Amino acid sequence: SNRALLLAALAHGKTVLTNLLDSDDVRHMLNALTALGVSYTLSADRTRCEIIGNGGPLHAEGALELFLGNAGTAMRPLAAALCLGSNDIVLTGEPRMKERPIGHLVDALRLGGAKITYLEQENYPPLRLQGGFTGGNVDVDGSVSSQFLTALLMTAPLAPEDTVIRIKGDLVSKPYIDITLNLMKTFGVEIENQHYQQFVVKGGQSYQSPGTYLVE
């Protein structure tokens, strides 16, 4: 899941994610959507999830606190997606989450005009999101996590202004990025990759529900 669910909520319409992953990582990907007020349903095998698209950034009533401990792949995309409109969210996790710094994403997003503040430790799991991402050249280290660039890849197109993520060195897992842009494309957005780094995304985009999607 991770993305499929996030883009599903950031989209307009009900989209199904088939073959999802049964793990707190996904449950929260759902729970996060759940907290912001994203409507969706889960099958019986806990692998099929349909979500009534929110039509864009999931607005949190009052401030939120999402615990994406085992959702190391969900926090990245969330920390980014939630910095779209204007929502006060706290993205935390389990002790193991502390082994997954998020500063690289925060700056990358915060650089695009996103509102992100460090809670516990700097560049660590906790994050205070307050939306605001508009666009602009973003810097994301190549060796970090495919969910970092992916986070910006999904969030940036929904940004009023176009964004460029320049990758310092060699992407951590381009193959992951390939899926994201492909799976993201099904949602209605396209990003332009450069020399195995730099990314060019058009801002002011919108996410639509492709209907049913199979997460491999």
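Residues numbered from 1 in each chain as written, not as in the entry; some residues may be left out. Heavy atoms only, no water.

In the PDB archive, solution NMR is given as the structure determination method for this entry.

Peer 1: Explanation requested: the nonpolar core in the structure shown.
Peer 2: One broad rule of soluble globular proteins: the nonpolar side chains tend to lie buried together. The biggest cluster of nonpolar side chains holds 73 residues, and the ones touching the most others in it are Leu5, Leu91, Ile165 and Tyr207. Leaving out residues up to four positions away in the same chain, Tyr207 has contacts with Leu7, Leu10, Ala11, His12, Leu153, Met154, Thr155, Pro157, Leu158, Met184, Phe187 and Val189. (Core = buried A, V, L, I, M, F, W, Y, C linked by side-chain atoms within 4.5 Å. Buried < 20%, exposed > 50% of the residue type's maximum accessible area, 1.4 Å probe, protein only. Contact = heavy atoms within 4.5 Å.)

Peer 1: For this particular structure, what's the right way to read helix α4 (residues 103-111)?
Peer 2: In an α-helix, one turn spans 3.6 residues, which is why side chains three or four residues apart end up on the same side. Where α4 is concerned, the buried positions are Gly103, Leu105, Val106, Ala108 and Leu109. Check the buried side of α4 and you find it contacts α3 (72-81), β7 (116-117), β9 (138-141) and α5 (146-155). (Helix = DSSP H or I, 4+ residues; strand = E, 2+ residues; numbered from the N terminus.)

Peer 1: Looking at this structure, how should I read the pairing of strand β6 (residues 89-92)?
Peer 2: Across a regular strand the side chains alternate sides, sitting on one face of the sheet and then on the other. The alternating pattern of β6 places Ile89 and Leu91 and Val90 and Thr92 on opposite faces, both of which are buried. Bridge count for strand β5 (residues 64-67) against β6 is four bridges, and the pairing is parallel. When the bridges of β6 are listed, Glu65 appears paired with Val90. Note on the crossover from β5 through α3 to β6: the handedness is right-handed. Looking at chain direction, β6 and strand β8 (residues 128-129) are connected through two bridges and run antiparallel. Within β8, the position partnered with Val90 by the bridge is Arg128. (Pairing = 2+ DSSP bridges. Right-handed = clockwise from strand over helix to strand, strands pointing away.)

Peer 1: Hey, could you run me through the layout of surface pockets in this one?
Peer 2: Vacant regions in the atomic arrangement are exposed by a probe of water-molecule size rolled over the atoms. By volume, the largest pocket is sized at about 240 Å³. What lines the largest pocket is a set of 14 residues, among which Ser1, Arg3, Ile179, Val215 and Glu216 lie closest to the centre. Only α6 (174-185) and β14 (212-214) provide two or more residues apiece to the lining of the largest pocket. If one sorts the elements of the lining of the largest pocket by residue count, α6 sits on top with three residues. (1 Å grid on protein atoms, 1.4 Å probe; cavity = no way out; pocket = protein on both sides within 12 Å on 5 of 7 lines; lining within 4 Å. Points joined across faces, edges and corners; volume = space filled by probe spheres on them.)

Peer 1: Looking at this structure, I do not really get α5. What am I missing?
Peer 2: Taken across its ten residues, α5 has ten buried, putting it largely inside the fold. Buried residues of α5: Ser146, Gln147, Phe148, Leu149, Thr150, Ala151, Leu152, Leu153, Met154 and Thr155, and no others.

Peer 1: Help me understand the environment of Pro77 in this model?
Peer 2: By the secondary structure assignment, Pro77 is in helix α3. Judged by its relative accessible area of 1%, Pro77 is buried. Sequence separation between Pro77 and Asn54 is 23 residues; the distance between their C-alpha atoms is 16 Å. Look past the residues within four positions of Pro77 in its chain and what remains in contact with it is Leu6, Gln147, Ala151, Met154 and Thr155.

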